[PDB]
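2 protein chains.
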Amino acid sequence: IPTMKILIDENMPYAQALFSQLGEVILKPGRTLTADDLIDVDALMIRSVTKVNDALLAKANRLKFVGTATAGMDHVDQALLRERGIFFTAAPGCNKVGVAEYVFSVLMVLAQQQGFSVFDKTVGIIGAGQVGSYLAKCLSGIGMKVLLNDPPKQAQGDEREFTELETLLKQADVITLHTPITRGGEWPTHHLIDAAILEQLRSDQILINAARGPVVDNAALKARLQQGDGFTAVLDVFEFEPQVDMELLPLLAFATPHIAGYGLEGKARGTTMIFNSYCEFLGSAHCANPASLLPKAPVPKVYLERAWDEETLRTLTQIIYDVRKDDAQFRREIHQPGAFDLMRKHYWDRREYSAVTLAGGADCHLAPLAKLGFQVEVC
Amino acid sequence: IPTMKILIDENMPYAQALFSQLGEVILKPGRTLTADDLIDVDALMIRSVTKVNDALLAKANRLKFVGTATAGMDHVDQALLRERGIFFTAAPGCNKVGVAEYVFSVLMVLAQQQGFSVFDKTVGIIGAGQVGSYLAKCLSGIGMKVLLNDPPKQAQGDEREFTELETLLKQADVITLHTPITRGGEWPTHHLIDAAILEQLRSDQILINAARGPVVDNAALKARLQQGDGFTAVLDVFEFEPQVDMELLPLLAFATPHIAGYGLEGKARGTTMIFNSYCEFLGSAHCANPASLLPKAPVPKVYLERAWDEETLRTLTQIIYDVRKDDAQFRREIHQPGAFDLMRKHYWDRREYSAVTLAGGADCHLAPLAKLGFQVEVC
Ligand SMILES: NC(=O)c1ccc[n+]([C@@H]2O[C@H](COP(=O)([O-])OP(=O)(O)OC[C@H]3O[C@@H](n4cnc5c(N)ncnc54)[C@H](O)[C@@H]3O)[C@@H](O)[C@H]2O)c1
Ligand SMILES: NC(=O)c1ccc[n+]([C@@H]2O[C@H](COP(=O)([O-])OP(=O)(O)OC[C@H]3O[C@@H](n4cnc5c(N)ncnc54)[C@H](O)[C@@H]3O)[C@@H](O)[C@H]2O)c1
Ligand SMILES: [Cl-]
Ligand SMILES: [Cl-]
Ligand SMILES: [Cl-]
Ligand SMILES: [Cl-]
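Residue numbers (the numbering used here), protein chains in the order written: chain A, 5 to 383; chain B, 5 to 383.
Here's what the structure looks like:
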């Protein structure tokens, strides 16, 4: 029987098991892919390590489909793909779930450490794409007040209610960034949080940047933190990572090596999403989800005796992710050579709220917890 | 129908509900009890706020039984009680459970923060009474190596295998204190951990004192910590509490205001134990337990998919108690007037491992977790 010839990155998780259903699978390390590797190849499945150039496709005589198991697609010349009719797809938002649960962990722990309620704090989301909109969904789901800012999408006709920047920077208690890094365009994000903005940030305001490094001027962030007025900053991304300011590090409430979106589920969605895309491209009925591929969580379900309070919410969410874990490892190991990248490479088997089932009675208020991302079960 | 007349401290938890089954209950604040209050009184149930003097019993014409809902009994002249035939009982070990789970939390978090395995660390218990023996049971239950030291009990004929002090101080990684505070006697405990001992403590050794304040010379503890060689100390009790050395405080890994044994269950055991004692004293069949009196825990049961690792153990135990919570509040509030005592008075609804049921399959290894204190259920 004739089959499609599918070239796939060797280290794409669950790739062989999934795509073998769709035809002949060739597994090769993505960094060493040459032009000859695409001879007689119908479809290509890659990660970020493979650059889709003119060079790579020089002998792609059968290439009709290209899928990248990533949320981003800068490693792909998609103007090239477009001009020669090659269908292209990524996995947008494949790792957005982790970021939301990362931000929530940060809020939850800071609430405990500084002694306040998260339901008193207004979160301002700058960047309402895949990541921001999911975070906006989760926070609003449990009844927190969100503030969305997005000048590009608002100009494109997005009819969500957007808050203007200077308003958000004043009206919001917590400021979280979820934008790309851009120097040009109508709405550049390089040093979006600059010196002038930082010094107008109050002592009871929290700044979180788990978007991209250069969005926050790290030098300016340090200067703002060295006043010691109680201003609070959390960085998952650094302006010149893997290098970080070792003077700034002990001033940051939490510091982690670009691992907010990490997690087995999100990593599996990379493969899962482009697999479903290619399935649909072939006209196949096959369909896959990360829940089916992964083993069940260590603590897959817990039971609730009554309705949840803020304390129970902290208890439940920290079963999955506690930001203090990564923070501690990062500070402990960063002095070691290449520890920034090695910590990411050997990241632990982190899950997400969907891996855990919350079982309760109709009087336990699980509907907000379901919107937060948990699986629920009314007894 | 004739009944026993029972005088009880107004603020003893669940006292009226329990003891009303045994006869007439009179509720009066323990600090304001006078001699006249014991006229025609058959039994007395008190806390620490009531001092049992010659003065208090001056008109106790019917007093036959005295119960104090405490583990200690220094507030009681029991030489007086003995010489006039009054049966006396306390509630020994009523709050020992919390201390063990406190110590374990400290070990669990320090293991995460410093990056090590608790199953690599040998815990040396100094003081093998109610508290120490329960801790020894819990740690050995999950497979940790314990080291018991107790010169008084060893001299009295206790045939457990005891380790000599200087040996324990060298052979053990973690040193936890669970002794009373004594200046005299054959085995005094005042400054038991002194200057000479502290300076022979290694950089990879941990010292925990949740026993009594003056057992550790706090001034010497500070001097040892100011070297910055990596030595680690945790205090639940301070030499001159509620006053603490504000120079020592930021050097302590964890600092809490004498709340290790706190928890609803332990607090209820105070009433429960002396109630059962008095029941037995009357020849009654009535019997009570704190589990029946308390509401069920917020998260009363969780399920396990597989056997537990060290990470899962941390996840499970921190559902009940996470020492970082109290530590954060203590450091945040201590500057406030009387915050040391007020934090204890308005302590949160803390539980214990027995309040949570761990459900799994026969292959989940719950037997050690049961010995740790959890309720288990093999499916
Ligand atoms: N730290 C992490 O673990 C982690 C993980 C994944 C993604 N990210 C970062 O997520 C950002 C969000 O990712 P995404 O997948 O949602 O991409 P996205 O493009 O869907 O989202 C960003 C949103 O950015 C808006 N935007 C662009 N410029 C803006 C500006 N100047 N002001 C306000 N909004 C602006 C975009 O138009 C859109 O509204 C990127 O930096 C992404 O790489 C971080
Ligand atoms: N921090 C807390 O929350 C908290 C709570 C309850 C009790 N405690 C402290 O517990 C200590 C343990 O309490 P307990 O109820 O088990 O009392 P206990 O008398 O049963 O226990 C202490 C054990 O102390 C041994 N001991 C006395 N001197 C010793 C010495 N010099 N060296 C080694 N062992 C010695 C006693 O003989 C016994 O073996 C007391 O200080 C108790 O008040 C602390
Ligand atoms: Cl596979
Ligand atoms: Cl990108
Ligand atoms: Cl009562
Ligand atoms: Cl005492």
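Just so it is clear, CB atoms sit at the ideal spot from N, CA and C, and this is done for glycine as well.
### Task
Mind listing, in chain order, the continuous beta strand (DSSP E) runs of no fewer than 3 residues lying wholly within the region 161-237 of chain B?
Within the region 161-237 of chain B, the complete beta strand (DSSP E) runs of at least 3 residues fall at 178-181, 210-213.
#### Entry: Cβ-based contacts, 9 angstroms cut-off: residues of the region 284-315 of chain A near chain B
Cβ contacts with chain B: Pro299, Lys300, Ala301, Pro302, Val303, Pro304, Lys305, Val306, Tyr307, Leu308, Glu309, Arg310, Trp312, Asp313, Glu315.
#### Entry: Residue environment, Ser109(A), which counts as buried when at least 16 other CB atoms sit within 10 Å
Counting the other Cβ atoms within 10 Å of the Cβ of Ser109(A) gives 16 or more, which makes it buried.
### Task
Below 8 angstroms CB to CB, which residues in the same chain sit around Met112(B) once its five sequence neighbours on both sides are set aside?
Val122, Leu317, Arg318, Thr321, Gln322
### Task
Establish whether the CB of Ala257(B) and some CB of chain A are separated by less than 8 angstroms.
no
### Message
Let me check understanding here. Comparing Cα to Cα, which of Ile10(A), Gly76(A), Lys226(A) lies closest to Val53(A)?
### Response
Here the closest residue by C-alpha is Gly76(A).
### Message
Determine, for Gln333(A), whether the minimum Cβ-Cβ distance to residues of chain B falls below 8 angstroms.
### Response
yes
### Query
Of all the CB atoms in chain A, is at least one closer than 8 angstroms to the CB of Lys100(B)?
no
### Message
Distance check for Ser137(A) and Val382(A), CA to CA, integer angstroms please.
### Response
Computed Cα separation, rounded: 27 angstroms.
#### Entry: Selection from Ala289(A), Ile324(A), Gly188(A) that minimises the alpha carbon distance to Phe23(A)
The option with the nearest alpha carbon to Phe23(A) is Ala289(A).
### Query
At a CB-CB cut-off below 9 angstroms, which residues of chain C make contact with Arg336(B)?
No chain C appears in the structure shown, which is made up of the protein chains A and B.
### Query
Hey, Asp177(A) and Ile210(A) are a contact pair by Cβ (cut 8 angstroms); roughly how many whole angstroms apart?
7 angstroms
### Message
Under 8 angstroms, with one C-beta from each stretch per pair, do the region 69-83 of chain B and the region 291-308 of chain B reach the 3-pair mark?
### Response
The region 69-83 of chain B is not in contact with the region 291-308 of chain B.
### Task
Could you tell me which chain B residues have their CB closer than 9 angstroms to the CB of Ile30(A), listed as they occur along the chain?
Those do not exist, as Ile30(A) stays about 35 angstroms from chain B at its closest Cβ, beyond 9 angstroms.
### Query
Can we count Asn222(B) as close to ligand 2, meaning its CB is less than 7 angstroms from some heavy atom?
no
### Query
If you follow the alpha helix (DSSP H) that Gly270(B) is part of, which residue opens it and which one closes it?
268-286 is the extent of the alpha helix (DSSP H) around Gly270(B).
### Task
Please list, following the chain, all residues that have a C-beta closer than 5 angstroms to any non-hydrogen atom of ligand 6.
Taken from the N-terminal end onward, the list reads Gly76(B), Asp78(B).
### Message
Check whether the region 252-266 of chain A and the region 7-22 of chain A are in contact - that is, three or more C-beta pairs closer than 8 angstroms.
### Response
no
### Query
In chain B, which residues lie less than 7 angstroms from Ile210(A) when you measure between Cβ atoms?
Per Cβ cutoff of 7 angstroms: no residues; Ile210(A) is ~16 angstroms from chain B at best.
### Message
Which residue wins for smallest C-alpha separation from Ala272(B), given the options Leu48(B), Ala95(B), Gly89(B)?
### Response
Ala95(B)
#### Entry: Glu28(A): first and last residue of the uninterrupted beta strand (DSSP E) it sits in
27-32
### Query
How big is the Cα-Cα spacing for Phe91(A) and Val306(B)?
46 angstroms
### Query
By Cβ distance, which residues of its chain are closer than 8 angstroms to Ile278(B), with the 5 residues on each side in sequence left out?
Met49, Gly71, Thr72, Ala73, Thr93, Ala94, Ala95
### Boundaries of the beta strand (DSSP E) in which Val127(A) is found, first to last residue
For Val127(A), the enclosing beta strand (DSSP E) has its first and last residue at 127-130.
### Query
Which residues share a DSSP beta bridge with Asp13(A)?
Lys32(A)
#### Entry: Contact under 8 angstroms by Cβ, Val360(A) with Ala311(A)
no
### Message
Using a Cβ-Cβ distance cut-off of 8 angstroms, determine whether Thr275(B) contacts chain A.
### Response
no
### Task
Just mark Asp221(B) as buried or exposed, buried being the case when its beta carbon has 16 or more other beta carbons within 10 Å.
buried
### Task
Please name the residue or residues paired with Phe92(A) in a DSSP beta bridge.
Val70(A)
### Query
Roughly how many angstroms lie between the CA atoms of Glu243(A) and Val219(A), to the nearest whole one?
Whole-angstrom Cα-Cα distance: 7 angstroms.
### Task
Return no unless some Cβ of chain A is closer than 8 angstroms to the Cβ of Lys226(B).
no
### Query
What's the call for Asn65(B), buried or exposed, on a 16-neighbour Cβ count within 10 Å?
exposed
### Task
Using a cut-off of 8 angstroms between C-beta atoms, extract the partners of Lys329(A) located in chain B.
In chain order: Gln116.
### Query
Using 8 angstroms as the limit for Cβ to Cβ distance, is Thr72(A) near chain B?
no
### Proximity winner among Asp162(A), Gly147(A), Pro17(A), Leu252(A), relative to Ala374(A) (alpha-carbon distances)
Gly147(A)
#### Entry: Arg216(A) versus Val150(A), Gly287(A), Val103(A), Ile12(A), residue with shortest Cα-Cα distance
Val103(A)
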